[PDB]
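Below is one structure, written out as structure tokens; comments come after it.
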Amino acid sequence: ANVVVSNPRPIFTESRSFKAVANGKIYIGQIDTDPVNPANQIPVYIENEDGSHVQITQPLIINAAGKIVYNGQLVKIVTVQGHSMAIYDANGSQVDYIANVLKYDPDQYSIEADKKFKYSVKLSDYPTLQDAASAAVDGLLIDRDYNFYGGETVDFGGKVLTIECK
Amino acid sequence: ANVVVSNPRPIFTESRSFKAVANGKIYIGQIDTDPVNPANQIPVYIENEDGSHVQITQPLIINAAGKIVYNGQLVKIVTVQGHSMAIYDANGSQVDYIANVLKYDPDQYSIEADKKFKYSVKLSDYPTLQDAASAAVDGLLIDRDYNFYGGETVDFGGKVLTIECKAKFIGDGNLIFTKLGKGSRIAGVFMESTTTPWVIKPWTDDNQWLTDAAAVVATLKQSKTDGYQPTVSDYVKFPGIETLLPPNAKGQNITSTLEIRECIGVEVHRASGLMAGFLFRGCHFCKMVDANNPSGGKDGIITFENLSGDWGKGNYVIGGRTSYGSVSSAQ
Amino acid sequence: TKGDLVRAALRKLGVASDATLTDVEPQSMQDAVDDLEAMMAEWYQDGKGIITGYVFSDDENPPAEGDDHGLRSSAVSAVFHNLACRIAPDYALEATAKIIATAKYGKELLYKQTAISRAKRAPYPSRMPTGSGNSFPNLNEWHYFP
Amino acid sequence: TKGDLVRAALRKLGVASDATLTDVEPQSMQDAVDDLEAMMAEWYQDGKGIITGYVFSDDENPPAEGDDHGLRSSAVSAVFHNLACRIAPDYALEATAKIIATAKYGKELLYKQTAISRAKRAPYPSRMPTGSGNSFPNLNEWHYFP
């Protein structure tokens with residue numbers, strides 16, 4: 001859509017020189033508070049595009065490309081809330097502090113799309129009402145005509161359905 | 001989890017070199033226009049470390065690392081709208097031109113599904129009803145039972161939400177719904193208690209009456225229908241019934257109650273349940289619309305309690321019917 | 001942190017730490033680099049000035065920060081004392097005796113090898129004898145080789 | 001507090017101890033470390049700059065303090081005392097007389113052994129006769145002196 005990140009691939013550099021942060025640490029924690037404190041600091045998860053979340057240690061390691069790395073590979077790190085990011089270099093000096101990091105990006109989109117959307121099947125996407133009946137898990141929509149004969153039975157499988165006929 | 005890590009400070013490099021832009025000027029403007037002209041310029045905001053926003057002029061100074069900087073310190077520069085961005089270096093050469101910054105990564109319907117499909121949340125995908133209620137911005141679907149206890153408060157965030165209950169709410173005490181806006185609907189609701197309370201039947205099989213105390217005690221059973229729980233009024237009505245009844249069948253408070261507390265426009269449609277009650281506390285302009293055969297408990301099926309809050313007005317029973325109850329069905 | 005100096009950006013923040021600041025982030029975002037480029041035309045007059053390995057930067061597409069320098073690792077220890085004195089008037093101050101001395105001493109070292117090679121006598125005139133102490137005297141005048 | 005001179009990270013708090021600070025941690029970051037790296041870059045050329053001997057950073061966790069000492073002995077009394085004088089203007093102060101004297105006299109004894117290796121007088125040219133006081137030289141004249 002219209003949503004895009006500032007850095008197409010996350011990369012962290014020194015404040016007044018364009019050179020990657022080497023052997024840096026990133027502390028991820030609650031918004032508008034220092035993530036240095038363990039109390040504010042939150043656990044970070046690797047978001048697998050499969051639809052799995054696994055838990056890893058709270059600090060993120062910065063390689064020599066200035067990119068996030070965990071388990072010797074480029075990872076996609078997510079949190080369960082809006083977070084603050086604090087970039088620290090190898091001398092432990094604070095390069096940059098970002099109080100607010102929030103994004104809507106649903107990628108994976110197996111787990112996400114169940115919770116953020118409603119489901120109604122349209123009769124136009126099936127050739128028969130029987131197929132659209134078994135494919136209705138919540139909503140059912142009748143947007144076109146259906147022929148029927150004496151003694152034609154349609155089964156919904158015991159599912160509770162809100163049917164809308166237009 | 002879904003909040004992907006990012007740095008709000010964009011990386012700047014030259015068009016034909018890897019050298020980072022420095023001592024530049026950045027003009028922010030309207031969608032698909034040149035931001036350089038003052039006519040197309042739009043307010044640039046700084047997102048502070050208190051989460052507040054202060055308005056600044058469109059020119060942004062670029063540090064020697066190719067990142068955004070303003071006030072001489074590292075800050076987050078945000079906008080409240082889509083915008084055009086023109087990146088310039090110190091020599092006045094135009095590094096980039098972005099016609100509309102918020103236009104980027106389009107295609108692949110997963111991202112673009114936000115603007116063209118109805119939102120709803122599902123109770124199975126959130127740990128609790130508290131989480132599912134506050135995460136509901138449109139629909140709320142109850143696809144599993146929710147265990148509740150008295151004093152359980154579910155915050156809906158002050159939003160108009162259509163709660164479509166295709167599953168029960170199990171528990172005893174008050175399941176408290178707060179902050180539901182005007183025009184909110186609760187439809188298909190069912191309320192069932194976890195325990196099965198004792199009930200007495202003071203009628204025959206021809207649906208008359210039993211006026212003998214021992215005969216009412218003889219029909220004593222644990223059920224949620226074909227009788228209602230022993231009332232204090234029943235003790236006066238049938239003399240000596242109380243002594244005959246066991247202690248466990250007396251003093252009962254077993255009702256599964258959905259309480260709408262201090263909301264307006266919340267109308268409970270298709271109210272059903274076994275040992276069910278609906279208590280509207282402090283509410284005004286809230287109706288019970290077409291209740292379909294509920295069975296009452298110690299708490300009334302239709303209860304308007306305006307003892308807390310101001311005097312009730314607009315609290316109506318329009319259509320529907322009720323059955324059983326150990327107290328007044330409409331009170 | 002700072003790695004290898006592949007940019008005048010790393011030089012600039014170190015120069016600001018020498019002149020005024022006590023090893024903290026500078027307000028500069030292009031200041032010392034402008035003085036560096038102007039000093040490296042007085043030095044390295046197309047290799048006829050002070051040779052530091054410098055190569056010119058266009059400063060069109062180069063922003064004049066990440067700009068070309070090509071300076072030696074040896075030449076780093078000189079320049080940041082010279083540039084420290086150059087941004088000293090900019091703050092309405094004047095550099096101390098340590099900075100100006102090392103600035104000249106660093107400039108001296110960079111030109112040292114150049115001054116050694118260019119300080120050499122020219123060949124013997126074309127009027128030196130062929131020599132009869134050199135066998136088979138023939139040549140009139142001299143070769144002008146040695 | 002004054003640290004050991006084994007590595008640049010631990011060296012740094014002892015450099016600042018000389019110049020200004022007394023029992024205070026250095027507010028020097030990586031800015032003063034790179035100045036020491038380039039100090040022994042020019043000096044690590046060993047054709048011009050005075051031979052110190054040094055081991056350069058291979059990146060430990062800090063990229064510029066990943067180094068180790070390669071120092072001779074007179075270089076031990078030279079390099080960090082010189083660095084202390086360079087970081088004294090950072091705090092807008094000038095180093096005391098003991099620090100400047102030690103760094104000089106440390107650099108002075110360091111070039112003492114270096115000078116003998118590099119510089120030696122050239123022998124006789126090749127206009128040189130063998131000499132007739134020679135007894136069986138087995139040559140008449142010489143290619144140079146030998």
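Each chain in the structure tokens gets a letter, A, B, ..., in the order shown, and its residues are numbered from 1; ligands are numbered from 1 in order too.
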query: Contacts of residue B:226 at 12 Å or less, counting only C-alpha atoms, minus same-chain residues fewer than 6 places along, as a list in words?
result: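 Skipping anything fewer than 6 positions along the chain leaves residues 198, 199, 200, 201, 202, 203, 204, 205, 207, 219, 220, 274, 275, 295, 296, 323, 324 and 325 of chain B.
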For the residues in that selection, give me N, CA, C and O atoms as an mmCIF file, in the first residue's frame.
data_model
loop_
_atom_site.group_PDB
_atom_site.id
_atom_site.type_symbol
_atom_site.label_atom_id
_atom_site.label_comp_id
_atom_site.auth_asym_id
_atom_site.auth_seq_id
_atom_site.Cartn_x
_atom_site.Cartn_y
_atom_site.Cartn_z
ATOM 1 N N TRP B 198 -30.044 -25.292 42.153
ATOM 2 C CA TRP B 198 -31.270 -25.966 42.482
ATOM 3 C C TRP B 198 -32.423 -25.103 42.061
ATOM 4 O O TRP B 198 -32.344 -23.877 42.123
ATOM 5 N N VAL B 199 -33.523 -25.747 41.618
ATOM 6 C CA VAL B 199 -34.736 -25.081 41.231
ATOM 7 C C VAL B 199 -35.848 -25.874 41.838
ATOM 8 O O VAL B 199 -35.704 -27.060 42.133
ATOM 9 N N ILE B 200 -36.995 -25.197 42.040
ATOM 10 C CA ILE B 200 -38.213 -25.782 42.526
ATOM 11 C C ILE B 200 -39.242 -25.446 41.495
ATOM 12 O O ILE B 200 -39.134 -24.437 40.798
ATOM 13 N N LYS B 201 -40.253 -26.327 41.356
ATOM 14 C CA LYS B 201 -41.325 -26.148 40.416
ATOM 15 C C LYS B 201 -42.584 -26.073 41.239
ATOM 16 O O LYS B 201 -42.981 -27.089 41.805
ATOM 17 N N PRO B 202 -43.250 -24.926 41.355
ATOM 18 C CA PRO B 202 -44.500 -24.860 42.091
ATOM 19 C C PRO B 202 -45.622 -24.842 41.088
ATOM 20 O O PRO B 202 -46.402 -23.892 41.055
ATOM 21 N N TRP B 203 -45.734 -25.929 40.293
ATOM 22 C CA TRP B 203 -46.850 -26.140 39.415
ATOM 23 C C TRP B 203 -46.887 -27.599 39.088
ATOM 24 O O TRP B 203 -45.938 -28.335 39.355
ATOM 25 N N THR B 204 -48.034 -28.045 38.526
ATOM 26 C CA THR B 204 -48.330 -29.428 38.235
ATOM 27 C C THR B 204 -47.721 -29.802 36.895
ATOM 28 O O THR B 204 -46.658 -29.303 36.525
ATOM 29 N N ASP B 205 -48.377 -30.716 36.145
ATOM 30 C CA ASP B 205 -47.994 -31.086 34.802
ATOM 31 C C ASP B 205 -49.068 -30.584 33.869
ATOM 32 O O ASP B 205 -48.990 -30.789 32.659
ATOM 33 N N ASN B 207 -49.767 -27.332 34.424
ATOM 34 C CA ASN B 207 -49.295 -25.971 34.537
ATOM 35 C C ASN B 207 -50.241 -25.128 35.359
ATOM 36 O O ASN B 207 -50.666 -24.055 34.935
ATOM 37 N N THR B 219 -40.438 -31.651 44.044
ATOM 38 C CA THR B 219 -40.024 -31.391 42.680
ATOM 39 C C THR B 219 -38.652 -30.750 42.623
ATOM 40 O O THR B 219 -38.187 -30.405 41.538
ATOM 41 N N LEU B 220 -37.965 -30.598 43.788
ATOM 42 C CA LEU B 220 -36.640 -30.018 43.917
ATOM 43 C C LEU B 220 -35.640 -30.824 43.123
ATOM 44 O O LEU B 220 -35.582 -32.047 43.241
ATOM 45 N N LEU B 274 -29.591 -19.611 29.874
ATOM 46 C CA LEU B 274 -30.132 -20.429 30.922
ATOM 47 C C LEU B 274 -29.506 -19.898 32.176
ATOM 48 O O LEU B 274 -28.282 -19.855 32.277
ATOM 49 N N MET B 275 -30.343 -19.494 33.169
ATOM 50 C CA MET B 275 -29.930 -18.767 34.358
ATOM 51 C C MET B 275 -29.193 -17.504 33.999
ATOM 52 O O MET B 275 -28.017 -17.338 34.309
ATOM 53 N N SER B 295 -34.151 -17.816 30.189
ATOM 54 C CA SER B 295 -34.579 -18.371 31.448
ATOM 55 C C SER B 295 -33.829 -17.554 32.455
ATOM 56 O O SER B 295 -32.617 -17.392 32.339
ATOM 57 N N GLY B 296 -34.548 -17.015 33.466
ATOM 58 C CA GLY B 296 -33.996 -16.063 34.395
ATOM 59 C C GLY B 296 -33.356 -16.748 35.560
ATOM 60 O O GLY B 296 -33.397 -17.972 35.679
ATOM 61 N N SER B 323 -39.126 -15.888 30.205
ATOM 62 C CA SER B 323 -39.622 -17.057 30.880
ATOM 63 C C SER B 323 -38.776 -17.218 32.104
ATOM 64 O O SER B 323 -37.645 -16.740 32.155
ATOM 65 N N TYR B 324 -39.362 -17.866 33.144
ATOM 66 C CA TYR B 324 -38.789 -18.131 34.450
ATOM 67 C C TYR B 324 -38.302 -16.868 35.134
ATOM 68 O O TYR B 324 -38.800 -15.777 34.858
ATOM 69 N N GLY B 325 -37.323 -16.997 36.059
ATOM 70 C CA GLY B 325 -36.844 -15.908 36.874
ATOM 71 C C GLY B 325 -37.303 -16.115 38.278
ATOM 72 O O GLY B 325 -38.406 -16.593 38.530
#
- request: Would you kindly report the residues of chain C within 10 Å of chain D, using only C-alpha atoms, as a PyMOL selection string?
  value: chain C and resi 1-5+10-11+13-24+72-78+80-81+95-99+102+106+109-110+112-113+133-134
message: Please report the interatomic distance between atom CA of residue B:36 and atom CA of residue B:91 in Å with one decimal.
response: 15.9 Å
- request: May I have the residues within 9 Å of residue B:178 as a list in words, using only C-alpha atoms and disregarding those fewer than 4 positions away in the same chain?
  value: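 Those residues are residues 153, 154, 155, 156, 157, 158, 259, 260, 261, 262 and 263 of chain B.
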Restricting the output to C-alpha atoms, write the selected residues as an mmCIF file, in the first residue's frame.
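So the final result, stored in out31.cif, reads:
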data_model
loop_
_atom_site.group_PDB
_atom_site.id
_atom_site.type_symbol
_atom_site.label_atom_id
_atom_site.label_comp_id
_atom_site.auth_asym_id
_atom_site.auth_seq_id
_atom_site.Cartn_x
_atom_site.Cartn_y
_atom_site.Cartn_z
ATOM 1 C CA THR B 153 -14.171 -5.464 33.623
ATOM 2 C CA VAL B 154 -13.817 -5.541 29.852
ATOM 3 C CA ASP B 155 -12.873 -2.196 28.289
ATOM 4 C CA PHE B 156 -14.092 -1.573 24.737
ATOM 5 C CA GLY B 157 -12.057 1.641 24.428
ATOM 6 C CA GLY B 158 -14.989 4.035 23.881
ATOM 7 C CA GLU B 259 -23.893 -6.137 32.843
ATOM 8 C CA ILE B 260 -23.713 -3.109 30.585
ATOM 9 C CA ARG B 261 -22.361 -0.409 32.881
ATOM 10 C CA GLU B 262 -22.797 3.273 32.016
ATOM 11 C CA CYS B 263 -23.204 3.056 28.262
#
Return as a PDB file with C-alpha atoms, in the first residue's frame the residues belonging to chain A that are within 8 Å of chain B, counting only C-alpha atoms.
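Writing the result to iface07.pdb gives the following:
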ATOM      1  CA  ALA A   1       0.000   0.000   0.000  1.00  0.00           C
ATOM      2  CA  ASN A   2       1.346   3.385   1.095  1.00  0.00           C
ATOM      3  CA  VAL A   3       3.307   2.143   4.123  1.00  0.00           C
ATOM      4  CA  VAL A   4       7.076   2.083   3.794  1.00  0.00           C
ATOM      5  CA  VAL A   5       9.999   2.027   6.231  1.00  0.00           C
ATOM      6  CA  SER A   6      12.614   4.802   6.239  1.00  0.00           C
ATOM      7  CA  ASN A   7      15.451   2.366   5.579  1.00  0.00           C
ATOM      8  CA  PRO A  10      17.552  -1.489   8.436  1.00  0.00           C
ATOM      9  CA  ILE A  11      21.052  -0.052   8.697  1.00  0.00           C
ATOM     10  CA  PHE A  12      22.589   1.904  11.548  1.00  0.00           C
ATOM     11  CA  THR A  13      25.488   4.308  11.158  1.00  0.00           C
ATOM     12  CA  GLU A  14      27.400   6.724  13.405  1.00  0.00           C
ATOM     13  CA  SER A  15      25.838  10.146  14.111  1.00  0.00           C
ATOM     14  CA  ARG A  16      28.360  12.395  12.306  1.00  0.00           C
ATOM     15  CA  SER A  17      30.090   9.901  10.022  1.00  0.00           C
ATOM     16  CA  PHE A  18      28.717   7.472   7.458  1.00  0.00           C
ATOM     17  CA  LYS A  19      30.258   4.245   8.641  1.00  0.00           C
ATOM     18  CA  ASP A  32       9.334   7.139  25.698  1.00  0.00           C
ATOM     19  CA  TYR A  45      10.811 -12.203  18.822  1.00  0.00           C
ATOM     20  CA  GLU A  47       8.928 -13.226  13.083  1.00  0.00           C
ATOM     21  CA  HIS A  53       7.123 -16.558  16.686  1.00  0.00           C
ATOM     22  CA  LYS A  76      13.122  -9.865  11.070  1.00  0.00           C
ATOM     23  CA  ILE A  77      12.625  -8.689  14.634  1.00  0.00           C
ATOM     24  CA  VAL A  78       9.201  -7.806  16.015  1.00  0.00           C
ATOM     25  CA  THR A  79       7.748  -6.877  19.395  1.00  0.00           C
ATOM     26  CA  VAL A  80       4.294  -7.244  20.950  1.00  0.00           C
ATOM     27  CA  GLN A  81       3.920  -3.502  21.508  1.00  0.00           C
ATOM     28  CA  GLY A  82       5.259  -0.182  20.236  1.00  0.00           C
ATOM     29  CA  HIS A  83       8.916  -0.017  21.190  1.00  0.00           C
ATOM     30  CA  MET A  85      15.145   1.575  19.898  1.00  0.00           C
ATOM     31  CA  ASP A  96      21.099   7.465  18.535  1.00  0.00           C
ATOM     32  CA  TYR A  97      17.890   7.162  20.545  1.00  0.00           C
ATOM     33  CA  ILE A  98      14.511   6.654  18.898  1.00  0.00           C
ATOM     34  CA  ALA A  99      11.631   6.930  21.351  1.00  0.00           C
ATOM     35  CA  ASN A 100       8.872   5.710  19.020  1.00  0.00           C
ATOM     36  CA  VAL A 101       9.000   2.847  16.519  1.00  0.00           C
ATOM     37  CA  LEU A 102       5.605   1.637  15.342  1.00  0.00           C
ATOM     38  CA  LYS A 103       4.676  -0.086  12.084  1.00  0.00           C
ATOM     39  CA  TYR A 104       1.567  -1.824  10.770  1.00  0.00           C
ATOM     40  CA  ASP A 105       3.425  -4.313   8.547  1.00  0.00           C
ATOM     41  CA  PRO A 106       1.484  -7.628   8.764  1.00  0.00           C
ATOM     42  CA  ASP A 107       4.016  -9.802   6.895  1.00  0.00           C
ATOM     43  CA  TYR A 109      -0.019 -12.630   7.094  1.00  0.00           C
ATOM     44  CA  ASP A 114      -7.375 -13.935  10.879  1.00  0.00           C
ATOM     45  CA  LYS A 115      -7.436 -11.344  13.652  1.00  0.00           C
ATOM     46  CA  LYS A 116      -7.549  -8.140  11.579  1.00  0.00           C
ATOM     47  CA  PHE A 117     -10.275  -9.090   9.059  1.00  0.00           C
ATOM     48  CA  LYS A 118     -13.762 -10.547   8.819  1.00  0.00           C
ATOM     49  CA  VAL A 160     -23.235 -20.512  12.942  1.00  0.00           C
TER      50      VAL A 160
END
task: Specify as a PyMOL selection string all residues of chain A found within 9 Å of chain D, counting only C-alpha atoms.
output: chain A and resi 22-24+89-91+93
- prompt: Among stretch 52-133 of chain D, which residues carry a DSSP assignment of strand (DSSP E or B), reported as a list in words?
  reply: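 After running DSSP on the backbone, stretch 52-133 of chain D has strand (DSSP E or B) at residues 54, 55, 68 and 69 of chain D.
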Could you save the residues just selected, with C-alpha atoms, as an mmCIF file, in the first residue's frame?
data_model
loop_
_atom_site.group_PDB
_atom_site.id
_atom_site.type_symbol
_atom_site.label_atom_id
_atom_site.label_comp_id
_atom_site.auth_asym_id
_atom_site.auth_seq_id
_atom_site.Cartn_x
_atom_site.Cartn_y
_atom_site.Cartn_z
ATOM 1 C CA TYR D 54 53.249 -1.278 16.721
ATOM 2 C CA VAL D 55 50.508 -3.863 16.364
ATOM 3 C CA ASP D 68 48.125 -4.391 21.176
ATOM 4 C CA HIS D 69 51.506 -2.892 22.026
#
Backbone DSSP call of helix (DSSP H, G or I) for chain A, listed as a PyMOL selection string: chain A and resi 112-115+123-125+129-134
field: Closest of B:210, B:133, B:95, B:44 to chain C - atom-to-atom distances counting only C-alpha atoms
entry: B:95
